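Just the one chain here, the form deposited in one PDB entry, laid out as structure tokens.
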């Protein structure tokens, strides 16, 4: 669709969908309305989700910010927070689009090898990903204690399970 072409375009310039086109977009995926709410939960809270996840990695292992640590310098910590956001954003697009092909192709293919070459530790990535997964599921399922979402009451359990599977794809690729 039009959003697929944005991913593959030379410049990535934004496309927009409203009105009848948005009605059509929602038909071709399951539970369209709850799905848009779920994507919104992720992207609207991207700073929070990334921050809590990377912070959880560090608090479980504070050596990471001591001298000789993998996110000791501001430059490295920021690169790690950036990478967590990149992954989260590919997951958000997977939930918007209903599949993980772009995540697997443009985010995950080659990434384990790159992190091995850089010395980015797999155990720290595993924890950041597992916290991000739990955090996103919490937001999607009314389990975010410091930030409630405005949505009609109901059951988003299937969408939480779907997005969980996209995170599992990240974890397995990077393990």
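Shifts are known only where both forms have a C-alpha. Numbering follows the first chain given and starts at 1. Between two forms, the rigid core is defined as the largest C-alpha subset superposing within 1.5 Å.
- Comparing 148-156 with 162-170, the higher mean C-alpha B-factor in the PDB entry belongs to 148-156.
- Of the two stretches examined, 23-31 and 126-134, the record assigns the greater average C-alpha temperature factor to 23-31.
- Remark: of 44, 55, 109, 38, 109 shows the highest value [criterion: C-alpha B-factor in the PDB entry].
- The PDB entry assigns its highest CA temperature factor, among 81, 96, 71, 87, to 71.
- In this PDB entry, the Cα temperature factor of residue 51 sits in the bottom third of its chain's modelled residues, the lowest group.
One more form of this protein exists, namely the form deposited in another entry; it is left out here, but the text below deals with it.
- In the overlay on the core between this form and the one not shown, a shift of 2 Å or more in CA position is seen for a single residue of 137, 120, 29, 48, which is 29.
- Comparing the forms between this form and the one not shown on their rigid core, the Cα displacement of residue 158 stays under 2 Å.
- A shift of at least 3 angstroms brings the Cα atoms of residue 29 and residue 152 nearer to each other in the other entry than in the displayed structure.
- Look at residue 28 and residue 152: in the other entry their Cα atoms come 3 Å or more closer than in this form.
- 17-30 stands as the sole run between this form and the one not shown where every Cα shifts by 2 Å or more, at least three residues long, with the core as reference frame.
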